[PDB]
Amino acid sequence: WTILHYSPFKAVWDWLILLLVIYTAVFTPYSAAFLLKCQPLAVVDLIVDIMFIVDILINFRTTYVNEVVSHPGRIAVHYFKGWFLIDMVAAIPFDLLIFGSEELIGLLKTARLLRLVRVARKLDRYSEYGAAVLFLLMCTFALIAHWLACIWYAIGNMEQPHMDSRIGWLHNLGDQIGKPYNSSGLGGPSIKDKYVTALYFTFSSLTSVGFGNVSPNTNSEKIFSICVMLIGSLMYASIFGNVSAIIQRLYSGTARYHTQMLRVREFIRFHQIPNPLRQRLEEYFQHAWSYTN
């Protein structure tokens, strides 16, 4: 058998794998930052890993254009020359292969972030619709804010148990919500308080509003904020440049319509057109425009 790459099955499968790549982009950075020391999430994480291996089999059994190539040997060799390496490294189950704690293993499972490359390949499918690229651009913004929230928590959590003298952002969070840290590192804020504060601070940093309660005090926190001010300004020159451009592209029929209507209105004023003729001019423009766009 062989799947045609343009078929309605392969279209639905590629949009299903977009949602599983978004699951990887959320829960892999989160587990590596917040959770390092069956459940519904533990079985879902296995189901998703199985579907990312099934997608390797579909890539051995899909046609390609280089009109179409359909021979299984020329398909398999094209994948082995192309993306099979990255798609395989994104699937190696290192948790079953290494023993050196669950911290090393859970950090090594960040190799799953190579699944973002499956979305970077298939942009010919995903970018075709204006409403789909608006969904992509807002998910890219919300995922950059989330990955930075995981890095910001790693910077806090790698300094809170140190000889910090109560300066870093996690001690200040403990004081600000009335959940202070004891000297042994016991007590303190919950994982919900620490995650919600980290995500709040990185949306605050990226959108460039500082409400004054979370702020960087250690040199590592300040160097992280210098980097997020560089990222946030390149990202606003790119993402929110493109988001407004796609909104203005969706609005483009109406933007042209107002422009041509005002040219007709000024022509009507300049020639001082009488009402029995004027109605025929402006009703003709409405008929012609609604007919042809």
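Residue numbers here begin at 1 and follow the sequence given. Throughout, rigid core stands for the largest set of C-alpha atoms superposing within 1.5 Å between the two forms.
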Once the rigid core is matched, which of the two stretches, 220-228 or 236-244, lies farther off on average in 6 other deposited structures of this protein by C-alpha? 236-244
Out of 104-112 and 166-174, which shows the greater rigid core-aligned C-alpha deviation in 6 other deposited structures of this protein? 104-112
Do a third or more of the other compared PDB entries fail to give coordinates for residue 211? no
Do a third or more of the other compared entries leave residue 40 out of the model? yes
Going by the PDB record, how many residues of the deposited sequence fall between residue 37 and residue 38 without any coordinates: none, 1 to 3, 4 to 9, or 10 or more? 10 or more
Unresolved deposited positions lying between residue 99 and residue 100 come to 1 to 3
